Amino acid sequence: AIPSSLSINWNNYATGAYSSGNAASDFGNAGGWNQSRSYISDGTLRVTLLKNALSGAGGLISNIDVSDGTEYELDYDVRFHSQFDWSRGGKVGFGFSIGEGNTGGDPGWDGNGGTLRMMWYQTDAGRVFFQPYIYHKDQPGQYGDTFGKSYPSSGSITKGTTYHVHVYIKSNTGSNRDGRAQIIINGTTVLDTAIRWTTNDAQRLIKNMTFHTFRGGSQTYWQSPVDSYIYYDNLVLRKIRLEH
């Protein structure tokens, strides 16, 4: 199935390992799942980030094919484990990908896609926050555009604390800046900007939901020396519209 809406709170699940088949059954599709890192812990989904690893090698990186549309939103809760090792940062939670879904060192400059994802991040100065991480047509750098935004705007986020995340995305048209990228955390606006995602209309649609939980970054210094855990809950996905 290619869902256009999803509602998953994992409350019908036993504490214990969450298999690929469970994920495919709930999400409809999940083509990267590593059941070794997905575990239902007390009615929530715990993802494992393994020590001494980056990317898929140590985390869980799945793209859920959703019904194509121009307007999408999702909601979920996320909590870092009690002794989570912040390290440098990484990707967290549920986002969206338009067109070719640009990520990696591949900027949206070719006008063929981007992504709306979210990261946690630690500064050399010791602050730790959430931050948008957007590839799009006009990102200033080769890697993810944060738009200079962080949550909280001052101070750090805390371990063992549940944060509700709302994400809203809207396709642009042609070469116009009529799209939208929005992140709302605990009802507070983190990012709410108009945006140009694509200049190729054949790639303008929101195509799938990203579920990325991994450290990095690309270099070995984004790694952590310990296993760490992140917990998600109460995922609500909704296709608001498809409009050509």
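Residues carry their position along the shown sequence, with the first being 1.
On average the C-alpha atoms of 119 to 127 have higher B-factors than those of the other stretch, with 119 to 127 and 132 to 140 being the two compared. In the deposited entry, the Cα temperature factor of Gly160 sits in the top third of values across the chain's modelled residues. Per-chain ranking of the deposited C-alpha B factor places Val236 in the lowest third. Per the deposited record, the Cα B-factor of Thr213 falls in the lowest third when ranked against the other modelled residues of its chain. Among the modelled residues of its chain, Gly104 has a C-alpha B-factor that falls in the highest third, as given in the PDB entry. Remark: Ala30 belongs to the highest third of its chain, ranked by C-alpha B-factor as recorded.
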